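Those letters in the sequence shown? Residues 1 to 224, 234 to 645, per PDB author numbering, in order. Data first, discussion second: the structure below is written as structure tokens.
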Amino acid sequence: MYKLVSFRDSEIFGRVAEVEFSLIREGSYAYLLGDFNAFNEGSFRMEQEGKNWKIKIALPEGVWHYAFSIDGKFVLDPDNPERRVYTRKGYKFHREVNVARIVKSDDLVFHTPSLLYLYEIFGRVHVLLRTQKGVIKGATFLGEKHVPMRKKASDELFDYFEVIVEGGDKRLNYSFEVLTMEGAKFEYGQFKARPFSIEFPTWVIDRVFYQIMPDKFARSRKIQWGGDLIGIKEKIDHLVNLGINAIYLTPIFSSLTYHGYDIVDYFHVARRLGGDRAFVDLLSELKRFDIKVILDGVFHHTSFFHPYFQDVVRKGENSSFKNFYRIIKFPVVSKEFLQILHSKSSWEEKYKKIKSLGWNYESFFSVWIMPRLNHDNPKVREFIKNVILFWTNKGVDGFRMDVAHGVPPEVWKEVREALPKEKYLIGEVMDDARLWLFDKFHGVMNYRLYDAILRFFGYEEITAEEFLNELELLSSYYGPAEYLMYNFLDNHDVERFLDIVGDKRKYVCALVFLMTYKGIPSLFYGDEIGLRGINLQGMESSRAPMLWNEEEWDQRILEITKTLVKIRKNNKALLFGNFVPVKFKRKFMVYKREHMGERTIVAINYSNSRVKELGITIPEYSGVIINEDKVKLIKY
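Spelled out as structure tokens, the structure:
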């Protein structure tokens with residue numbers, strides 16, 4: 001059951017609904033799951049009141065999807081008859097869930113001075129008017145100048161009206177004029193306010209990220234897959250030639266396996282990767298060419314073999330690390346049963362034997378080798394801030410938080426307040442990111458943008474107009490934070506986009522979109538040469554070893570990639586410009602990015618045949634970038 005208990009003001013969302021979720025208590029632990037955290041445990045822990053589990057969460061108005069996790073099992077709200085199949089290809093989600101209609105009973109038209117409804121960025125002010133879906137025909141912004149607003153998107157419950165106005169001001173005096181489909185007309189509110197905004201390192205905006213998995217990228221030529238940090242440094246010339254100026258590194262801390270997501274020591278670089286000196290040399294070298302570096306922070310859990318957890322296994326209580334994790338029952342691991350199956354050779358095949366036996370502590374899904382940290386504990390939070398600052402102090406420019414949506418937002422809010430101003434902080438959240446942005450992450454891995462890109466470019470399941478609507482919804486939801494998002498076509502956790510669309514000519518059209526849209530573009534190592542996934546015992550992995558034999562590179566994609574990276578970094582409109590949809594129909598789209606009088610127009614023909622638009626004839630599967638003094642064709 002869920003009940004909207006009340007409403008409170010919010011400098012971010014205008015107002016938020018304080019909603020209560022609960023269900024008959026029948027287990028050891030429970031979590032709230034929804035699109036607000038991509039259905040992950042760890043972020044919203046429910047506590048027992050009396051006969052049932054309960055939690056109070058602040059949620060922006062709208063229709064939300066949810067469910068529960070009891071003892072680690074997906075369970076539906078027994079009291080809620082409203083169920084529905086929710087699907088997000090973005091993170092391979094497709095199953096029945098519960099619906100939560102969150103909206104104030106007096107709603108019709110809404111706007112309150114706040115971050116998402118009245119902000120400024122890159123010298124411009126964005127104003128938003130949220131209205132009951134399909135009820136409002138038109139709206140006018142009544143400020144110093146009367147200017148018509150445009151309906152940019154539509155939710156299940158709302159229509160979104162927006163307008164851009166000169167931001168070289170301060171205190172704005174305004175109200176709105178609304179026209180209903182019936183013809184009713186009225187003036188809404190009377191506001192006096194200075195636009196809000198967000199803080200962020202200015203260096204991030206002109207970045208083009210390059211994601212690297214040390215183990216797969218480059219094996220060092222200095223003898224002392235086995236890719237390492239010395240190798241990355243040895244390949245710096247390749248990165249500067251490509252033009253990327255920021256790197257997102259996969260975990261490099263001491264870990265149990267070459268995977269790296271099973272940390273045993275957060276203050277040292279893995280031996281396998283060359284050690285701390287290697288990382289120190291790589292860093293200063295990257296600094297020479299102004300290439301930023303962001304590390305992967307794994308704080309949702311540690312390795313089962315981290316000294317901390319190990320101390321809990323051998324001391325149980327009386328272990329000063331007992332509350333550093335989420336122990337369900339204190340005879341942590343079965344009486345000798347887990348240990349014997351742990352010392353009886355079997356060669357890691359025994360991982361399945363132990364798994365089947367079960368364990369007495371919370372973990373990342375069903376991987377007993379990754380016990381969840383107790384984020385409620387002030388000590389664990391300090392430990393996280395200390396790890397982060399430790400590396401930040403060495404010159405690291407930021408962090409990408411692994412499984413961020415599995416950690417309470419409050420933790421990230423604390424980290425954000427403790428972090429030096431010029432550091433970039435992003436998280437891995439696979440669905441709506443509203444509860445993770447603004448005063449927490451600068452941006453997150455844009456999985457909702459990825460989902461729209463998959464539906465349109467990848468699987469060609471939706472039209473250009475439906476695609477546009479998805480983009481605009483994200484714009485309304487994220488507001489200014491939209492420009493700080495980490496955008497991608499692929500990464501270490503999904504299939505290479507080239508393998509999804511097959512056609513190298515289609516990949517190019519998607520790349521054109523990625524490199525010219527709002528948000529920070531990024532490439533997964535190898536994408537610049539057309540690197541495809543590899544077969545690993547019947548399972549295709551996108552983590553294919555980087556290829557250095559240039560006769561194996563696709564020179565067209567490399568050339569095209571270099572061109573887009575160069576065009577992006579040097580085009581003010583693509584960097585700071587607003588987004589104006591010019592024409593989205595079927596498989597064709599054309600839009601404009603505008604900044605201080607400059608404009609860059611982008612047309613993408615994602616169809617098999619030539620299309621006549623913009624007075625020209627745009628070739629099949631190709632993009633066209635038009636700006637001051639140049640009309641550039643982009644096609645394989």
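All C-beta atoms, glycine included, are put in the ideal place defined by N, C-alpha and C.
* **Option nearest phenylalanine 333 by Cα separation, candidates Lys388, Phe374 and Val127** => Residue numbering aside, residue 333 sits at position 324 when the sequence shown is read from its first letter. Comparing Cα-Cα distances from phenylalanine 333 to each of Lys388, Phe374 and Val127, the minimum goes to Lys388.
* How would you label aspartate 169, buried or exposed, when you count the other beta carbons within 10 angstroms and need 16 or more for buried? -> By 1-based counting over the sequence shown, the position of residue 169 is 169. Classification of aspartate 169: exposed, given that the 10 Å Cβ count is below 16.
* Flag this pair as yes or no: are the beta carbons of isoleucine 57 and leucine 76 separated by less than 8 Å? => Against the sequence shown, residue 57 aligns to sequence position 57. Against the sequence shown, residue 76 aligns to sequence position 76. Result no, Cβ atoms of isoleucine 57 and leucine 76 do not sit closer than 8 Å.
* To do: Out of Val208, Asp502, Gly138 and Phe68, state which residue places its alpha-carbon closest to the alpha-carbon of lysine 571.
  => Walking along the sequence shown from the start, residue 571 turns up at place 562. Measuring from the Cα of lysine 571, the nearest candidate turns out to be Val208.
* Nearest-angstrom Cα distance between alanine 490 and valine 438? -> Here residue 490 refers to the residue found at position 481 when the sequence shown is read from its first residue. Here residue 438 refers to the residue found at position 429 when the sequence shown is read from its first residue. Whole-angstrom Cα-Cα distance: 14 Å.
* Quick one, which of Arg281, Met213, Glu294 and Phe200 has its alpha-carbon nearest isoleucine 245's? -> Along the sequence shown, one-based indexing puts residue 245 at 236. The shortest C-alpha separation from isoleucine 245 is found at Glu294.
* Close-in-space but distant-in-sequence residues of the same chain around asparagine 40 (CB under 6 Å, 5 per side omitted) -> As a first step, residue 40 must be located in the sequence shown, where it is residue number 40. Within the same chain, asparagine 40 has close Cβ partners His414 and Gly415.
* Secondary structure of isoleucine 337, DSSP reduced to three states -> Within the sequence shown, numbered from 1, the residue matching residue 337 stands at position 328. If DSSP states are grouped into helix, strand and coil, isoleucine 337 belongs with coil.
* How is the alpha helix (DSSP H) around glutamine 319 delimited, first residue to last? -> As a working mapping, residue 319 is identified with position 310 in the sequence shown. Looking at the DSSP string, the run of the alpha helix (DSSP H) that includes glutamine 319 is 316 to 324.
* Assuming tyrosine 486 and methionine 494 make a contact with CB atoms under 8 Å, what is their CB distance in whole Å? -> Residue mapping note: residue 486 aligns to position 477 of the sequence shown, counting from 1. Residue mapping note: residue 494 aligns to position 485 of the sequence shown, counting from 1. The pair is not a contact, with the Cβ atoms about 11 Å apart (cut-off 8 Å).
* Asked: What did DSSP end up calling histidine 247 once you bin it into helix, strand or coil?
  -> Against the sequence shown, residue 247 aligns to sequence position 238. If DSSP states are grouped into helix, strand and coil, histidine 247 belongs with the helices.
* Determine the extent of the beta strand (DSSP E) in which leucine 172 is found, giving its start and end residues. => Locating residue 172 in the sequence shown gives position 172, counting from the first residue. First-last of the beta strand (DSSP E) with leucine 172: 172 to 180.
* Buried or exposed by the 16-neighbour rule on C-beta atoms within 10 Å, applied to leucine 556 -> Taking the first residue of the sequence shown as position 1, residue 556 is located at position 547. Exposed.
* Asked: Taking the continuous beta strand (DSSP E) assigned at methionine 598, which residues delimit it?
  -> Counting from 1 along the sequence shown, the entry for residue 598 is found at position 589. From DSSP, the beta strand (DSSP E) with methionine 598 extends over 597 to 604.
* Just the Cα atoms here: how many angstroms apart are residue 646 and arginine 95? -> Because the chain is modelled from 1 through 645, residue 646 falls outside the range shown and cannot be assessed.
* Per DSSP, what kind of secondary structure is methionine 524 in: helix, strand or coil? -> For this step, residue 524 is matched to residue 515 along the sequence shown. Residue state, collapsed to three classes: helix.
* To do: Tell me whether the beta-carbon of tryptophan 53 lies closer than 8 Å to the beta-carbon of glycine 34.
  => To locate residue 53, count along the sequence shown from 1; it is residue 53. To locate residue 34, count along the sequence shown from 1; it is residue 34. Contact flag unset, no.
* Asked: Leaving out the 5 sequence neighbours to the left and right, which residues in its chain are closer than 7 Å to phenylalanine 408 when beta-carbon positions are compared?
  -> Here the question's residue 408 lines up with position 399 in the sequence shown. Cβ within range, chain order: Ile303, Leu304, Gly306, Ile397 and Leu434.
* To do: Let me know the secondary structure DSSP gives residue 689 once reduced to three states.
  => Lying before the first or after the last residue shown, residue 689 is absent from the chain, which here runs from 1 to 645.
* Buried/exposed call for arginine 130, threshold 16 Cβ in 10 Å -> The count along the sequence shown starts at 1 and reaches residue 130 at position 130. So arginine 130 counts as buried.
* **Straight-line Cα distance separating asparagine 614 from residue 647** => Residue 647 falls outside the range modelled here, since the chain spans only 1 to 645, and no answer is possible.
* Taking one C-beta from the stretch 594 to 603 and one from the stretch 537 to 552 each time, how about it: are there three or more such pairs within less than 8 Å? -> no
* In this structure, does DSSP put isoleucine 57 in helix, strand or coil? -> Counting from one through the sequence shown, the residue named residue 57 turns up at place 57. The answer is strand: DSSP assigns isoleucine 57 an E or B state.
* Taking Cβ positions, are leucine 463 and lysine 133 nearer each other than 8 Å? -> The count along the sequence shown starts at 1 and reaches residue 463 at position 454. The count along the sequence shown starts at 1 and reaches residue 133 at position 133. Not a contact, by the Cβ cut-off of 8 Å.
* To do: Might you give, ordered along the chain, the residues of its own chain that have their beta carbon closer than 7 Å to the beta carbon of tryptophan 377, omitting 5 neighbours on each side?
  => For this step, residue 377 is matched to residue 368 along the sequence shown. Excluding positions up to five away in sequence, the list reads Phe313, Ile363, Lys364 and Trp368.
* Asked: Can you give the Cα-Cα distance for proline 340 and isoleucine 253, rounded to whole angstroms?
  -> As a first step, residue 340 must be located in the sequence shown, where it is residue number 331. As a first step, residue 253 must be located in the sequence shown, where it is residue number 244. About 51 Å.
* Whole runs of the alpha helix (DSSP H) within the stretch 157 to 221, excluding any shorter than 4 residues -> 214 to 217
* **beta strand (DSSP E) runs contained entirely in the stretch 256 to 280, provided each spans 3 or more residues** => 262 to 264 and 272 to 278
* To do: Spell out a yes or no on whether the stretch 203 to 217 and the stretch 256 to 267 are touching, meaning 3 or more CB-CB pairs, one atom from each, closer than 8 Å.
  => yes
* Taking the CB atoms as reference points, tell me whether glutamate 162 and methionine 149 lie closer together than 8 Å. => Looking up residue 162 in the sequence shown gives position 162. Looking up residue 149 in the sequence shown gives position 149. Cβ atoms of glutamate 162 and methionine 149: closer than 8 Å.
* Residue(s) in a DSSP beta bridge with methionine 379 -> On the sequence shown, residue 379 is found 370 positions in, with the first residue counted as 1. Per DSSP, none; premise fails for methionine 379.
* **Counted within 10 angstroms of its Cβ, other Cβ atoms place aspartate 107 as buried (16 or more) or exposed** => By one-based count along the sequence shown, residue 107 stands at place 107. By the neighbour-count rule (16 or more Cβ atoms within 10 Å), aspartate 107 is not buried but exposed.
* To do: Would you check if there are 3 or more beta carbon pairs closer than 8 Å linking the stretch 139 to 159 to the stretch 43 to 51?
  => no
* Complete alpha helix (DSSP H) runs within the stretch 396 to 433 (minimum length 4 residues, chain order) -> 418 to 427
* Asked: By a C-beta neighbour count over all protein chains shown, 10 Å radius and 16 as the cutoff for buried, is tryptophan 421 buried or exposed?
  -> Here residue 421 refers to the residue found at position 412 when the sequence shown is read from its first residue. Result: buried.
* To do: Over the uninterrupted beta strand (DSSP E) stretch that includes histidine 65, give me the two end residues.
  => Numbered from 1 along the sequence shown, position 65 holds the residue referred to as residue 65. Where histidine 65 is concerned, the enclosing beta strand (DSSP E) stretches over 62 to 70.
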